[PDB]
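All remarks here apply to the structure that follows.
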Amino acid sequence: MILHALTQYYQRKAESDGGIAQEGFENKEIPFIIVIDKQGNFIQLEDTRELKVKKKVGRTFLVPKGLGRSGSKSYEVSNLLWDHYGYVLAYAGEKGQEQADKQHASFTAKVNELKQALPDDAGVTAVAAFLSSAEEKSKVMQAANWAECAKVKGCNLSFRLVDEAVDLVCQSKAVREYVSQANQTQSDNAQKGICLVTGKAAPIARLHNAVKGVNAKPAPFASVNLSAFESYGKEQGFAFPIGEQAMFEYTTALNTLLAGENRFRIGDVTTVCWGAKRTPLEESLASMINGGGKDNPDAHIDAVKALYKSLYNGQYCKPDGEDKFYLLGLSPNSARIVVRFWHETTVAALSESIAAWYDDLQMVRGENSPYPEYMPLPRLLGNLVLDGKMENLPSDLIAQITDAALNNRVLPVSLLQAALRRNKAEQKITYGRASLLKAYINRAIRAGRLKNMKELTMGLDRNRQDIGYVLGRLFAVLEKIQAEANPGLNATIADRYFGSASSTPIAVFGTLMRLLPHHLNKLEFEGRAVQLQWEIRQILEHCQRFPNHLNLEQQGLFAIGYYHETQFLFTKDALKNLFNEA
Amino acid sequence: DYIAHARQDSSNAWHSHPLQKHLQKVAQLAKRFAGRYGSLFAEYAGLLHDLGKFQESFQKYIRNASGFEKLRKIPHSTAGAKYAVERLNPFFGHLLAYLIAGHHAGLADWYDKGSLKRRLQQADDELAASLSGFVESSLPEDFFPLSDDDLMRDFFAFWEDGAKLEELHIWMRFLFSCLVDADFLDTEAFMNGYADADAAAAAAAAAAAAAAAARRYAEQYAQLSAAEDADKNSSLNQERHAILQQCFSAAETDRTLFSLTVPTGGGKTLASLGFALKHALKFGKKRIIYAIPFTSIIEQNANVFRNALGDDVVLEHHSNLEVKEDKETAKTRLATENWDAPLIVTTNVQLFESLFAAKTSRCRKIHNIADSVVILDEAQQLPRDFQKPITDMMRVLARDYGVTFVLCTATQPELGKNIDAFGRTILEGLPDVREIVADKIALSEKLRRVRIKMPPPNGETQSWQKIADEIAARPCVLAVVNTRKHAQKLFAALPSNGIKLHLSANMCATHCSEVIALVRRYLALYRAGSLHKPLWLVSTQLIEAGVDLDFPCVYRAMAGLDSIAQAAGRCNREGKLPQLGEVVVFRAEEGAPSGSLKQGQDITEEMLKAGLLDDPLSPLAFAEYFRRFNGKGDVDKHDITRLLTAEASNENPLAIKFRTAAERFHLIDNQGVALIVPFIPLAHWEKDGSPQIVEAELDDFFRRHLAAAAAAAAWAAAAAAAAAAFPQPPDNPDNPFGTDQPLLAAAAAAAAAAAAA
Amino acid sequence: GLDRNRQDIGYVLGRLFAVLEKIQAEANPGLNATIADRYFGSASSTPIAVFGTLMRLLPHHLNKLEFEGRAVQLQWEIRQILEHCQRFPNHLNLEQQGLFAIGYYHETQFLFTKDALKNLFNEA
Amino acid sequence: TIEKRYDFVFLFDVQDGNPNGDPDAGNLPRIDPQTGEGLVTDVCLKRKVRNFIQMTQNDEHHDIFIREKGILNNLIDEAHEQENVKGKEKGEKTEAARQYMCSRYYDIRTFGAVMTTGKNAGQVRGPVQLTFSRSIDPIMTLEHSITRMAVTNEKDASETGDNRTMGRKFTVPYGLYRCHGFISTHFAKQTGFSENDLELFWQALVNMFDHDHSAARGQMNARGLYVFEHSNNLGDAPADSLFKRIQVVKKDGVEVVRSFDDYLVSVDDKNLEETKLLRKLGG
DNA sequence: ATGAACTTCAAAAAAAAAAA
Ligand SMILES: [Mg+2]
């Protein structure tokens, strides 16, 4: 199902007119297309480049498929009419001649044996007269932009004769048919059966085709080539007898999705997501749709793309799915492709890890809270960072919190450590440090990494007995009383006592609570002083002694307890109510 | 109650816009706003556009924020959208919810950015509150009929044979325009105190800058036709009339999608309007839109159109937008937020960007594009990067929106017929475009302003100092090199013998227009009398933007015929020269940096070396250039035609991405950053101020002559918000790339009188 | 949340100060500067400093208590606390520093829980 | 550079004051909480030694890497404006900068300094490493609430004319902090920290409290500086088998201390002379 | 001759909230 779900959208995108390589071809990224006249005579070396900031090498021309050269005598293979600045010009940037001239001795051979088998084309007779020139090819090096194709190793030049103007020599409706004939005769006399993917006879394809976009080089996604990965003496592709017509389909299915908008990194794991076979598009809804509705394979991938993007957008919505999205989360090994994810499941089922991420991360917010309901990871991790989210450690943090969030894994200790660092370093617990600590501690509980404690809740737990959480609440009420006593404070007992009330409660809370009677005295509403003192009595009723030192477990609680109680105090009528029910 | 809009009256009173009549009037207004398209369909979003305004909370915020009966920012757009999605249909509901929940937050995506799927699922509580408000006091239960069976009519009255998915987004934006126009025209009919828009309340001439539409045609365009034809009868006006005699015969035929193939000086700006207002009167077209790639031809058409039609010509530079005030702007400029004027002339980056917009403000116009005649002058600069979305939407608009896109560029945009590579229809473009010129090719030969000389077909490249000597040999040489750095190199290669004038994007738009104005009067001295000092102008694509320069001879770097045509337009502009001007293309050093520019040369080169470009100003060679050009970059850049293809599934029907396909829809690819380098433009020394932008060419250079001794200062950047005075800043920026910044540490005032650093 | 038999001198002094201020704040409830507002800072740290004076000051609050039996109520729990206080410590230990605030608010809760003192007294 | 390795016990006391306020804890003195014993950061005594050297030396080769308007990258960039502007080849440019910052700044030559910051000046460990100073007995931080008859910005000014901002003055009624320190020879070789700089440091340790007085410190003194000078660059004896020779206890019958006369500082120089000196520099 | 050693292959890939 890993590949029959790729074959079964090649057969969908090839039938949704989405423009996928048709049965013999490949959307190869040809950077430095060659222009020739009708009888040779190199005209121009156009570069079909200029895309995303790393100038990806060429407009994807859907040219005859890359033949997977890959060998010591790699020169013999010679892709049909597009290959290489070493195959087209015999120019070796770093490979040396006789490893580029023998390439050109075979690329010219390939073109010519095409020309004999495909005459009166004026496109291949042109290039076959351009590949029997040795001078116009020399003129290719003396081109205006040749110096920029020599810069890109493995440049793929291809032969657009002039007077076709978009259509390559390998695009004419004879080379197009030749490839549709050279992938229907030569790749049909091979090992007769039987398909792994489709199950049909469909002659077996040894050498699956170089799935591009995963690795540093197009690597054969399914490729058993070492002395023992071969199971039954099957030798490299008969270990997995996938037909040529099916091998091509899923290879060019990955190739487009790793080159399309389907590709997106879940985290450090480039993933191709495509909608499964959509339901028959119930009649009423299909009444308005013309055709009617078509199963565009990559249609609602956004639902899943904007699910993992929701972890950074903070725009997570609990989804109701039943629209199943294939999500093949491949990743490079070295030059194999490691399927790290495979999910035919719905986006609702995929969300169960981000939902648990944004439910373990749920934290109290008052009214008109400037904080998002589900707080974006970059803005969430920005509460761990020095002052702006780029220095949060790209290996135990932003790159691992995401893996701990995308997968409902345990948030690393490096959050308590980092979130606590910032709690007592910014001298305040931003929503985002309280929320992130709530997520850490909830998952530490759920993993049995935080044994005695019970999972935190959104709200303040006017309970919880936790010698760190209740002192966090105590600090929250103490600082609320101070900020209620002195509205404009320059050094709240946060900014002055937090670093040691969080981590060392006897050092401080024995002296915060001498400031406390004075703060209560200064409350202009003495009844408000009574209410706040009542709740600090309630808070401190759960406390039997300020601990000498708060474990890393509880300084997270302190921060969570602080934020819980401080958003309880800044609730509409919470303290007035809770006081009035006593 | 319920208080749709709380306007603190100018008399320190407070008037309440009753949400009853607010929704009723908006629906009625955006029932006429849509024609056969969404007449009763857009109203069902007009009825609902501010349903959430019924929120018991919002009826505590609009009071709190607007000071009615004495700060939370309560959402209200989503509630009407959720109401729609639950009541009408999963299709029609989401269709209508795009409009509704976007009506203030801008058109939203279903998934990616500002996702509707999120907002609706989170609108359940908000919809409960707002619907409780709706039912609580007033508003008879059959006030929101949302009659899907009746609403199925105007959907199927327009979507004959079902809803095309790949262009269902155009309603989602056009009917969105109907809603946002109606709500804005009604909120600001109450933010100004008229309590109505469609009626004489905001139809009063003091409200929204009314302008004559069809009566003015017979008066004033016929006036300037007669007063221009009777002026002269020479080698011109015998073909200018030959243009605007078939441009007038072309208005009869239906052919909803047209194109004007007229070269420079052939009544391009006078017959494009001429065809439009004859095809506007005929085919019930209520508006004429005239779109320009750059805000330079915008001036040359503002002047011409006002000289034709007085003051009706409404405009938005979108870059300059000069800062004159007091009801000449901000009254007529209040009529161009939505183009509710018969003759709107702006750029096809405030047309198409807005015509493909999602933002609430930008989207108010697709109303007025539909059932108009959009004219695209210099349309050959419609970005091939965004050529597929632009051409599909203009094709759809032509097909069923009653528009007539006019491609009144010099050569043509080959905006596709079906440029299909294998079987797939790449850029499924405009079907059967009529060249309103009877003979496209021979007329460009008949109206050939300049004979052109390409570089030798071999690969030899003329050197920078070589072409410096070449242009030193003849006077008044425009020299348009491809890069700003090529402009610096050419300016660093010219002798001090003659005046060398540098013009690259390393300069400021006001300083730019100053340079063009002084070049214009230098040319005038060359014609009327003579300038003994040699004249030339080192330039980049800036002169390529239709600036009125009559250069006898133009050497232009090796790049696209699109740009070669523009260079030729600056050579022998308006004629009055001897037999022909002389434009020569030089294959400069390394050329055409990257992007569309490098593909520009790689096409123009690949023709002259291959037997094409026999006359590389003929339209047949130009269409060949564009035919090559489209199909050489991705004719659809980032995704846009795929983003807006409606993508209907039973669970998430009609999941168009809009703020994804508006944010990614950037015609101006302003890659990098924009630095403002203060070049003191000029001053009248009459308590000066006066950036003097559009009278630079006339007022300054008639009082103070061309002797390069002008002294005047105008300092800006008061560092105040002021909500205005913004076009003294980035009216004067320059746009280095991100590569040129870390090699500069800011080092202000380093931008010289010829360019920046 | 009150360990009436804690014996932690900080905690028993906190309890003692809580009842002392309870009496002061029942002696005259309208009080600008209760002994929390004027004495707590050292009662929590230097119990010998105040707690001597706090009990010069205590019988007079017990007199000022309007409900003469409420005075017995509160004096009884002062004695209940002071059984656990063999001496007012010179300087409260840091553990005891914090436990004094613990005691203040534990015993303050115990006093402001409705029937607790009146009940717990009646089991003596 | 020095050719002996030193391990010193620096007993310094505070009589009525805040030896080292914990910014994490208001300003109340740093305290080992679970034992109540006070703490005085190593950086605190390094600071007062810095203040002493900045006080007395007043000359180049003994600067301090310094007081408030002490943007450290300014001094570091001064290092890169030296003989090693270009001639030291960025790799060892930072090492030549270290050698400079060590030459000029006695702070850097003696204690280390993280100067990798501006025009990177390397990373000096510093031969002299004071430890934290844990008071022998629990400091009974008094936290003397004080008063000011004046306020600050007219936002905390009283709604009547009576301005006052009582504030708090934490004092240790007595604490005999004990700072173990290590003059490591291996890093004296790195910084050029010499026996002259070391005698400066011993003077600084003895006299660093006679000069760094505050309303906060009240009265701090240097009750003893017992320096164990090993024969080798290496350690003749383990450092803590030496520090246990300076046993500081509260005397026989003091419930808790109130002066150095309440501590017996028994120095056991009986057998350390294996190859090694004990010099009672301060006590 | 079989299986390690080696030689070719190919030339990455990049994001991320408002708020009506
Ligand atoms: Mg509204």
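Letters for chains follow the order of the structure tokens (A, B, ...), residue numbers begin at 1 for each chain, and ligand numbers begin at 1 in the order shown.
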Please, which residues have at least one atom within 9 Å of an atom of ligand 1, using only C-alpha atoms (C1' of nucleotides) and all ligand atoms, listed as a PyMOL selection string?
(chain B and resi 4-5+49-53+76-77+100+103-104+180+183-184+187) or (chain E and resi 20)
Please produce an output containing N, CA and C atoms (P, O5', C5', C4', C3', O3' and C1' of nucleotides) for each residue in the selection, written as a compact mmCIF listing (two decimals), in the first residue's frame.
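Result file follows (selection_19.txt):
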# COMPACT_ATOMS: atom_id res chain seq x y z
N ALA B 4 -25.70 48.09 14.13
CA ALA B 4 -24.70 47.65 13.15
C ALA B 4 -23.50 48.57 13.14
N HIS B 5 -23.75 49.88 13.10
CA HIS B 5 -22.68 50.86 13.08
C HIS B 5 -23.07 52.00 14.00
N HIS B 49 -23.76 39.20 5.86
CA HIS B 49 -22.36 39.61 5.86
C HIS B 49 -21.92 39.99 7.27
N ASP B 50 -22.81 40.63 8.02
CA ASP B 50 -22.57 41.04 9.40
C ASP B 50 -23.62 40.42 10.31
N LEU B 51 -23.93 39.14 10.11
CA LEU B 51 -24.81 38.46 11.05
C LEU B 51 -24.19 38.44 12.44
N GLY B 52 -22.90 38.17 12.52
CA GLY B 52 -22.22 38.20 13.80
C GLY B 52 -22.26 39.55 14.47
N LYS B 53 -22.56 40.60 13.71
CA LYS B 53 -22.79 41.91 14.30
C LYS B 53 -23.97 41.87 15.25
N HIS B 76 -17.04 39.03 14.12
CA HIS B 76 -18.43 38.92 13.71
C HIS B 76 -18.60 38.38 12.31
N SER B 77 -17.54 38.33 11.51
CA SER B 77 -17.67 37.84 10.14
C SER B 77 -17.97 36.35 10.13
N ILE B 100 -18.72 35.70 3.32
CA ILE B 100 -19.19 36.29 4.57
C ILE B 100 -18.04 36.43 5.56
N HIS B 103 -15.60 39.01 4.70
CA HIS B 103 -16.06 40.35 4.34
C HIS B 103 -15.33 41.44 5.10
N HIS B 104 -14.67 41.11 6.19
CA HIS B 104 -13.78 42.09 6.81
C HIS B 104 -12.37 41.56 7.00
N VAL B 180 -18.38 43.21 -0.26
CA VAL B 180 -17.52 44.12 0.46
C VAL B 180 -17.76 45.55 -0.02
N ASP B 183 -21.15 46.48 1.74
CA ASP B 183 -20.94 46.75 3.15
C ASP B 183 -20.14 48.03 3.35
N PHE B 184 -19.08 48.22 2.56
CA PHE B 184 -18.29 49.44 2.65
C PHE B 184 -19.10 50.64 2.20
N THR B 187 -21.49 50.91 5.18
CA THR B 187 -20.89 51.36 6.43
C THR B 187 -20.42 52.80 6.31
P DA E 20 -10.69 38.28 12.04
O5' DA E 20 -11.88 39.01 11.27
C5' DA E 20 -13.18 39.07 11.85
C4' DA E 20 -13.33 40.29 12.74
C3' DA E 20 -14.44 41.25 12.33
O3' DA E 20 -15.07 41.79 13.48
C1' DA E 20 -12.35 42.36 12.23
Running DSSP on the backbone, which parts of region 151-262 of chain B land in helix (DSSP H, G or I), as an MDAnalysis selection string?
chainID B and resid 151:158 168:190 200:203 205:208 215:229 240:249
Any chance you can output those residues with C-alpha atoms as a PDB file, in the first residue's frame?
ATOM      1  CA  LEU B 151     -30.455  30.445  -4.524  1.00  0.00           C
ATOM      2  CA  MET B 152     -29.847  27.461  -6.799  1.00  0.00           C
ATOM      3  CA  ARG B 153     -31.237  29.602  -9.621  1.00  0.00           C
ATOM      4  CA  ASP B 154     -28.708  32.429  -9.984  1.00  0.00           C
ATOM      5  CA  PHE B 155     -25.997  29.872  -9.376  1.00  0.00           C
ATOM      6  CA  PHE B 156     -27.368  27.778 -12.237  1.00  0.00           C
ATOM      7  CA  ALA B 157     -28.569  30.857 -14.113  1.00  0.00           C
ATOM      8  CA  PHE B 158     -24.869  31.700 -14.357  1.00  0.00           C
ATOM      9  CA  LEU B 168     -15.201  29.146  -9.222  1.00  0.00           C
ATOM     10  CA  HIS B 169     -12.792  31.371  -7.294  1.00  0.00           C
ATOM     11  CA  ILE B 170     -13.773  34.300  -9.498  1.00  0.00           C
ATOM     12  CA  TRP B 171     -17.214  34.502  -7.970  1.00  0.00           C
ATOM     13  CA  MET B 172     -15.658  33.828  -4.635  1.00  0.00           C
ATOM     14  CA  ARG B 173     -13.911  37.127  -5.291  1.00  0.00           C
ATOM     15  CA  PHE B 174     -16.406  38.888  -7.575  1.00  0.00           C
ATOM     16  CA  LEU B 175     -19.433  38.247  -5.382  1.00  0.00           C
ATOM     17  CA  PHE B 176     -17.033  38.924  -2.538  1.00  0.00           C
ATOM     18  CA  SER B 177     -16.521  42.280  -4.205  1.00  0.00           C
ATOM     19  CA  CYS B 178     -20.278  42.723  -4.342  1.00  0.00           C
ATOM     20  CA  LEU B 179     -20.518  42.095  -0.594  1.00  0.00           C
ATOM     21  CA  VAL B 180     -17.515  44.124   0.457  1.00  0.00           C
ATOM     22  CA  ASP B 181     -18.472  46.994  -1.834  1.00  0.00           C
ATOM     23  CA  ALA B 182     -22.021  46.956  -0.485  1.00  0.00           C
ATOM     24  CA  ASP B 183     -20.936  46.751   3.154  1.00  0.00           C
ATOM     25  CA  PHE B 184     -18.291  49.436   2.652  1.00  0.00           C
ATOM     26  CA  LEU B 185     -20.630  51.621   0.620  1.00  0.00           C
ATOM     27  CA  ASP B 186     -23.186  51.164   3.409  1.00  0.00           C
ATOM     28  CA  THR B 187     -20.895  51.361   6.428  1.00  0.00           C
ATOM     29  CA  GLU B 188     -19.450  54.559   4.947  1.00  0.00           C
ATOM     30  CA  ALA B 189     -22.904  55.671   3.947  1.00  0.00           C
ATOM     31  CA  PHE B 190     -23.364  55.591   7.718  1.00  0.00           C
ATOM     32  CA  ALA B 200     -29.673  59.462  -3.500  1.00  0.00           C
ATOM     33  CA  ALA B 201     -28.219  59.380   0.031  1.00  0.00           C
ATOM     34  CA  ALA B 202     -24.754  58.258  -1.039  1.00  0.00           C
ATOM     35  CA  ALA B 203     -25.610  58.753  -4.706  1.00  0.00           C
ATOM     36  CA  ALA B 205     -22.586  64.030  -5.812  1.00  0.00           C
ATOM     37  CA  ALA B 206     -21.127  65.093  -2.447  1.00  0.00           C
ATOM     38  CA  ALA B 207     -20.880  61.461  -1.268  1.00  0.00           C
ATOM     39  CA  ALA B 208     -18.828  59.209  -3.555  1.00  0.00           C
ATOM     40  CA  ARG B 215     -23.741  60.878 -22.045  1.00  0.00           C
ATOM     41  CA  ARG B 216     -20.152  62.073 -21.609  1.00  0.00           C
ATOM     42  CA  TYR B 217     -19.122  59.733 -24.442  1.00  0.00           C
ATOM     43  CA  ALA B 218     -21.145  61.620 -27.047  1.00  0.00           C
ATOM     44  CA  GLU B 219     -20.032  64.998 -25.687  1.00  0.00           C
ATOM     45  CA  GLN B 220     -16.384  64.666 -24.822  1.00  0.00           C
ATOM     46  CA  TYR B 221     -14.842  61.673 -26.554  1.00  0.00           C
ATOM     47  CA  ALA B 222     -16.554  62.707 -29.776  1.00  0.00           C
ATOM     48  CA  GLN B 223     -15.291  66.209 -28.967  1.00  0.00           C
ATOM     49  CA  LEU B 224     -11.673  65.051 -28.836  1.00  0.00           C
ATOM     50  CA  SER B 225     -12.189  62.822 -31.866  1.00  0.00           C
ATOM     51  CA  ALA B 226     -13.316  65.794 -33.951  1.00  0.00           C
ATOM     52  CA  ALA B 227     -10.838  68.298 -32.482  1.00  0.00           C
ATOM     53  CA  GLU B 228      -7.999  65.821 -33.081  1.00  0.00           C
ATOM     54  CA  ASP B 229      -8.946  64.627 -36.567  1.00  0.00           C
ATOM     55  CA  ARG B 240      -4.450  57.118 -36.706  1.00  0.00           C
ATOM     56  CA  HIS B 241      -7.889  57.377 -38.292  1.00  0.00           C
ATOM     57  CA  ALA B 242      -7.222  54.015 -39.934  1.00  0.00           C
ATOM     58  CA  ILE B 243      -6.753  52.736 -36.381  1.00  0.00           C
ATOM     59  CA  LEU B 244      -9.748  54.429 -34.753  1.00  0.00           C
ATOM     60  CA  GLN B 245     -12.024  53.669 -37.686  1.00  0.00           C
ATOM     61  CA  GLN B 246     -11.666  49.919 -37.346  1.00  0.00           C
ATOM     62  CA  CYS B 247     -11.308  50.223 -33.571  1.00  0.00           C
ATOM     63  CA  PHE B 248     -14.777  51.724 -33.983  1.00  0.00           C
ATOM     64  CA  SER B 249     -15.869  49.023 -36.427  1.00  0.00           C
TER      65      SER B 249
END
Would you list the contacts of region 19-28 of chain C as a compact mmCIF listing (two decimals) with N, CA and C atoms, in the first residue's frame, taking every protein, DNA or RNA residue within 7 Å and counting only C-alpha atoms (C1' of nucleotides), but skipping same-chain residues closer than 6 positions in sequence?
# COMPACT_ATOMS: atom_id res chain seq x y z
N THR C 34 -2.80 46.49 61.70
CA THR C 34 -2.80 45.29 62.51
C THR C 34 -1.37 44.86 62.80
N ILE C 35 -1.22 43.92 63.72
CA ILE C 35 0.13 43.48 64.04
C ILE C 35 0.77 42.77 62.86
N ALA C 36 -0.02 42.30 61.89
CA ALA C 36 0.60 41.90 60.64
C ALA C 36 1.25 43.09 59.96
N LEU C 58 -1.53 41.61 74.09
CA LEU C 58 -2.59 40.63 73.89
C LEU C 58 -3.72 40.71 74.91
N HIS C 61 -6.18 43.30 73.95
CA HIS C 61 -7.10 42.94 72.89
C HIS C 61 -8.17 42.00 73.40
N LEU C 62 -7.79 41.03 74.22
CA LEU C 62 -8.77 40.12 74.79
C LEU C 62 -9.82 40.89 75.58
N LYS C 64 -10.61 44.07 74.80
CA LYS C 64 -11.39 44.83 73.85
C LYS C 64 -12.31 43.96 73.02
N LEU C 65 -12.14 42.64 73.05
CA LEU C 65 -13.06 41.76 72.35
C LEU C 65 -14.47 41.94 72.87
N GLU C 66 -15.39 42.26 71.96
CA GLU C 66 -16.75 42.57 72.37
C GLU C 66 -17.43 41.37 73.01
N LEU C 74 -10.24 32.56 71.86
CA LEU C 74 -8.96 32.84 71.21
C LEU C 74 -7.79 32.68 72.17
N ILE C 78 -4.42 30.38 71.83
CA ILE C 78 -3.09 30.91 72.09
C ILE C 78 -2.33 29.97 73.01
N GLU C 107 -3.13 29.04 60.55
CA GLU C 107 -3.96 29.35 61.70
C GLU C 107 -4.96 30.43 61.36
N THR C 108 -4.62 31.34 60.45
CA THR C 108 -5.59 32.33 60.03
C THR C 108 -6.75 31.65 59.32
Using DSSP secondary structure from the backbone, list all strand (DSSP E or B) positions within region 413-495 of chain B, as a PyMOL selection string.
chain B and resi 419-420+425-426+434-435+450-453+477-480
Taking only C-alpha atoms (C1' of nucleotides) into account, find every residue of chain B that has an atom no more than 12 Å from chain E, and write it out as a PyMOL selection string.
chain B and resi 50+52-53+58+61-62+71-78+100-106+112-115+359-360
Name the residues in contact with residue 483 (chain B) at a cut-off of 7 Å, using only C-alpha atoms (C1' of nucleotides), excluding same-chain residues fewer than 4 positions from it; report them as a PyMOL selection string.
chain B and resi 487+540+592-593
Fewer than 5 positions away in the same chain doesn't count, so skip those; otherwise give me all residues within 9 Å of residue 268 (chain B), counting only C-alpha atoms (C1' of nucleotides), as a PyMOL selection string.
chain B and resi 240+243+260-263+273+377+408-410
Find the residues of chain D in contact range of chain A, meaning any atom within 9 Å when counting only C-alpha atoms, and list them as a PyMOL selection string.
chain D and resi 22-28+30-36+143+155-156
